[PDB]
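Notes follow once the structure below has been shown.
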Amino acid sequence: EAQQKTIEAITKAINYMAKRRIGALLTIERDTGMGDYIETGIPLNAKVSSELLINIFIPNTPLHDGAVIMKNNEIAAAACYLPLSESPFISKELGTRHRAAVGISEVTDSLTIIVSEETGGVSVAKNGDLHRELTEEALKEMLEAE
Amino acid sequence: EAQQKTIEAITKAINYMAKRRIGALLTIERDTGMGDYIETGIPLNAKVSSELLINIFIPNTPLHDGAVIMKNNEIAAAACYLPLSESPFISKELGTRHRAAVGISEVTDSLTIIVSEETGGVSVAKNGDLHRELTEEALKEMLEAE
Amino acid sequence: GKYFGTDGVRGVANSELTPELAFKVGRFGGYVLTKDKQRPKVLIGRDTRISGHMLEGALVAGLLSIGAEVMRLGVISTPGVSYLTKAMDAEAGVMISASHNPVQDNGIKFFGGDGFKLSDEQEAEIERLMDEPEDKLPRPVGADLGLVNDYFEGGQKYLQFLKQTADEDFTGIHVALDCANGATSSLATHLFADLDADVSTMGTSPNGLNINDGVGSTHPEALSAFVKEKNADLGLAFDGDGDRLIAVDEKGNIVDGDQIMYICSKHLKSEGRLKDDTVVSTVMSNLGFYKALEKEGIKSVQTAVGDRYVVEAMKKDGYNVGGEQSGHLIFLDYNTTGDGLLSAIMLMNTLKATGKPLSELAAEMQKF
Amino acid sequence: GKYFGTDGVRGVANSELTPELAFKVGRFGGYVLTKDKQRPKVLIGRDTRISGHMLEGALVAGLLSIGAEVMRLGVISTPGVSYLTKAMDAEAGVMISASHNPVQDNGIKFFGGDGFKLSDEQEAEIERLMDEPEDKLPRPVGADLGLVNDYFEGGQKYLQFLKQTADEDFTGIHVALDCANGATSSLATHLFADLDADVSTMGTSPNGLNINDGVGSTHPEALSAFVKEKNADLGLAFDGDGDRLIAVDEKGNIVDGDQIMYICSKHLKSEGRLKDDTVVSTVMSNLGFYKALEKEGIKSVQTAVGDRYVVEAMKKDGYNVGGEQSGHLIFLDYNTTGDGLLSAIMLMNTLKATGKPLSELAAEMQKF
């Protein structure tokens, strides 16, 4: 229904940035009402399109420095700040954003995607479990579940 | 009231771009309903904030290529496309985005702000009359009337 | 024959550097680099030259005709190419520019996966194949063809890389900019303005025809008078492709490559980052430059003219700094060929960390 | 030799239709069309073929090498080119597409200033210079080079144009769109959406490799299933370049080009707009097509297959409507070639104006 659009746009946004190695931190709200974490980033309330997401995580802008929050099928806010986790199972040499993505699924029923600004590999974080180097179909099958 | 914000949001966003010489183009609907020009960009329906307008025009992105439209105190759509004016009073120095700014104030009761990507000069277009090289107070006063 | 000189292949566009030739470059130059994987990653960047569009098309037509993945960059300096090619693990990069030369000239230059000039072995085979009058190289078809996805945002990537190398923002400094109407135009003005600095723009208005026309590192006289005019603290004069830097002090005097090299390598030895406290340069450098080096206790090694030798010596010995009189300066901690804005950032680090005007920092070096 | 067939130059791309050829095309053809002003104005469009990027680059390379001013359109339907080349007083236009053919095949088409296929005299001189083994044409240098200013906005000047050719908006009509993963993808969807129609899309997700794959005017069985699935009042099926159109009614049945020619020209006679009440067609047109034409007092001219003869018919005598059983419908009141969307909007005009559903309007002509 309304689930085939907004999922199409997310996949096209993610495949865009992963070919270009642009740091990407994308959280989607499900059951855990993350209202306290939305008020830390620039309010948007904008309808989701692949082009708006790519513009949000551009190298140096006011909005890039953080996460994009996804309540309903809208972009709640951008540049939001999440908790880090300090779990030992984070391979060091990365993190910063990876640490804050597994850190927001440790507290919530949400789902967080990341594109590593060092390699371009698409990650995913559900309930404190991180899966590195996801494929394109892998992300779609994964999202179709949501 | 609710007018000081969204005006403070535009000024600090335009002064952002003027120091860096980024070509902008923002039109502010008033009485002329601009539906047949909002259905030409990437719809958003977002809430106005300084940092979001900045990310919209970044030298080359999906959303950069066109004109920001502002219905209500909402960013109605981005990458919108405006008609050109072909008026002889447009100094042949400039054009493209200044040619459309006056070109959309010819049809409408709208107000356009322009940042010239060659000089950084903030301009403004209302009822076919454009005014180059505007000052900060002169953009703040022009916007307080709306 | 002899297509690949020092700065790659060059010539006056359409007449010598025909679009027919630039296509043959990207088709054979793509096949040499294709020996690893079947879809290599070649990005491409150019300056503002009106020929640049025609050549950019003929080149990519060759790159897609052997199945290479191409990323167009639009207008970006040759530093930005080098930085992105290595930073995206791409198999090579291309620059369509002819640096400081008149507008009617253009050229093609190549960089390896590491961000250095293509090995002379590869350039041999490219020339080998430009002599067989038979195009018996493969012709992929269907989905085997090349792919294209633009990356015009690669600008601010390299720009994001430049911003961090500032020890701090340059608040309280009025700087004039001469961009030669080149690839540095839209790039530089973002940089120092985002670093909180009073910017005054000239040569920041290209139109594909006005590259290096009375402006740039090769004709600093226009910037000399403009600095005094806006009474700037200094002025920076990049060239066409943004690989050289020629500074001008508040007095309006010109500040050449050897005065920039001294001013910066002294500040680096202070921060200790100067590796082994040595600097590399060419025969062209001035005598007093070395005398002033001695006075600060900085060793030095010398190499031939041309920067493929300046880079060769820093390589084997692991040296930090190296440049030319030309204003072509290489910081190997950061980039792999001569960066004009990165040299400019390091000069501003000096001016802010010490607080002296640029005339005073330059006077430490007494030209013979 | 023989480069210009019916739909311009064709061949599977890279192996046959080579980028070397596509450069010879715009360099020699641009010269043939440069004979008036020393700076012609050719604008160039293409479909979604992944080879379309290769040839477009190689094409523009030739045009820039003889001084022609080039406007890139990007992805737009071939009817859009013809409308823009004429509505901009530009000297010619080029469409890199190979309608309804597989993704591997591509082709160069040429339109004149008026919007028709180039005069057979010019196409002759084009293959003339392709036979001389000496590229002895002029090679402008410096300022005299070609010029390229992108016009990706032509997509909506062609869209604005179709918007007015809707006698009113299609509120309350649900339509299912198959655009063949071709040029009409982004165009058609906006059109009927801003026309306040209940749009339902499929085959509107192109990726340079899926064009004309089980979708489009040639493979209608996907839409037919789809139209019944979402119970849409009708289905429209453009092709890869958007010049043909195949309709699907609410029952799911197919509505070929003869049937759409009947539906529209019948409704046009009711508005006095059918010139002399005659329609041009082909030998390929079914017998019952002509049987129900006379039943409505509409005369008919028959010509040979190929729309260069259906347009030649409508040329010498000033007729209003012609077309083929293929779905290639020409409405000379608005455009110079076959238009899928213009054909589509005329159909929508008939659907809204009589209220009747499409099955009923198509039942008046009985196929033999």
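Are any of the residues in segment A:107-114 farther than 15 Å from A:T32 by Cα and buried (at least 23 other Cβ atoms within 10 Å of the Cβ)? Within segment A:107-114, one or more residues are farther than 15 Å from A:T32 by Cα and buried (at least 23 other Cβ atoms within 10 Å of the Cβ).
Take the residues of segment D:215-269 that are crowded, with 24+ Cβ neighbours inside 10 Å and of a type in the set (S, T, N, Q): which is farthest from D:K299 (Cα to Cα)? Of everything passing the filter in segment D:215-269, D:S217 is farthest from D:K299 (Cα to Cα).
Could you please find all residues in segment C:44-98 being of a type in the set (D, E, K, R), away from chain D (no Cβ under 14 Å) and either in contact with a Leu (Cβ under 9 Å, 6 or more places away or on another chain) or closer than 17 Å to B:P59 by Cβ (or both)?
Step one: filter segment C:44-98 for residues of a type in the set (D, E, K, R), giving C:46-47, C:49, C:56, C:69, C:72, C:86, C:89, C:91.
Adding the requirement that they be away from chain D (no Cβ under 14 Å) leaves C:47, C:86, C:89, C:91.
Within segment C:44-98, C:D47, C:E91 meet the criteria.
Restricting to segment C:1-36, count the residues that are within 16 Å of C:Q104 (Cα to Cα) and free of Cβ contacts under 8 Å to residues at least 24 places away in the same chain. Number of matching residues: 3.
Annotation: of all residues in segment C:105-149 being of a type in the set (K, R) and away from chain D (no Cβ under 11 Å), the one that is nearest to D:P19 (Cα to Cα) is C:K136.
Checking each residue of segment B:119-126 against the condition of being without any contact (Cβ under 8 Å) to a residue 24 or more places away in the chain and assigned to a strand (DSSP E or B) gives at least one match.
Cβ-Cβ distances below 7 Å connect the following pairs, each with a first residue in segment B:1-12 that is more than 15 Å from B:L52 (Cβ to Cβ), a second residue that is assigned to a loop (DSSP other than H, G, I, E, B), and a separation of six or more residues or different chains: B:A2/B:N73.
Restricted to segment C:9-43, and to residues that are in a strand (DSSP E or B) and not small (G, A, S), which residue is nearest to the other protein chains (Cβ to nearest Cβ)? Reasoning before the result, please.
Initially, segment C:9-43 is screened for residues in a strand (DSSP E or B), giving C:9-13, C:17, C:41-43.
In the following step, the residues that additionally are not small (G, A, S) were identified as C:9-10, C:12, C:17, C:41-43.
Numbers: C:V9: 16, C:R10: 14, C:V12: 6, C:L17: 10, C:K41: 9, C:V42: 14, C:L43: 10 Å.
Restricting to residues being in a strand (DSSP E or B) and not small (G, A, S), the top hit is C:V12.
For segment A:78-98, check the following and say yes or no: at least one residue is touching a residue at least 12 places away in the same chain (Cβ under 8 Å), closer than 26 Å to B:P59 by Cβ and assigned to a strand (DSSP E or B). The answer is yes; a qualifying residue exists. Within segment C:150-169, count every residue that is more than 13 Å from chain B (Cβ to nearest Cβ) and in contact (Cβ under 8 Å) with a residue 40 or more places away in the chain. Qualifying residue count for the region: 6.
From the list B:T40, B:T27, which residue is touching a residue at least 12 places away in the same chain (Cβ under 8 Å), more than 10 Å from every other protein chain (Cβ to nearest Cβ) and buried (at least 20 other Cβ atoms within 10 Å of the Cβ)?
B:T27
If you go through segment A:60-102 and keep only what is crowded, with 20+ Cβ neighbours inside 10 Å and within 11 Å of chain B (Cβ to nearest Cβ), you end up with A:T61, A:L63, A:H64, A:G66, A:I75, A:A76, A:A77, A:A78, A:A79. Residue under question is C:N207, and the condition is that it be surrounded by fewer than 23 Cβ atoms within 10 Å (Cβ to Cβ) and either more than 20 Å from C:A98 (Cβ to Cβ) or acidic (D, E) (or both); does it hold? Considered against the rule, which asks whether it is surrounded by fewer than 23 Cβ atoms within 10 Å (Cβ to Cβ) and either more than 20 Å from C:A98 (Cβ to Cβ) or acidic (D, E) (or both), C:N207 comes out as no. Counted as qualifying within segment D:201-306 are the helices (runs of 4 or more DSSP H) with 1 or more residues that are in contact (Cβ under 8 Å) with a residue 60 or more places away in the chain, namely D:257-269, D:287-294.
All of (1) closer than 15 Å to C:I345 by Cβ; (2) touching a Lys or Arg at 6+ places or on another chain (Cβ under 6 Å); (3) in contact (Cβ under 8 Å) with a residue 40 or more places away in the chain hold for C:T189 with one exception: (3).
Restricting attention to segment C:182-200, and to residues there that are among the β-branched types (V, I, T) and either in contact with a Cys (Cβ under 7 Å, 6 or more places away or on another chain) or outside any loop (DSSP other than H, G, I, E, B) (or both), which single residue is farthest from B:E118 (Cα to Cα)?
Within segment C:182-200, the first condition is being among the β-branched types (V, I, T), and the residues that meet it are C:184, C:189, C:199.
Keeping just the survivors that are either in contact with a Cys (Cβ under 7 Å, 6 or more places away or on another chain) or outside any loop (DSSP other than H, G, I, E, B) (or both) gives C:189, C:199.
On the way: C:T189: 11, C:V199: 14 Å.
Residue satisfying both the conditions and the ranking: C:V199.
Coordinate-derived values only; no laboratory data. Note that we place each Cβ from the backbone using ideal geometry, even for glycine, and neighbour counts take in every protein chain shown.
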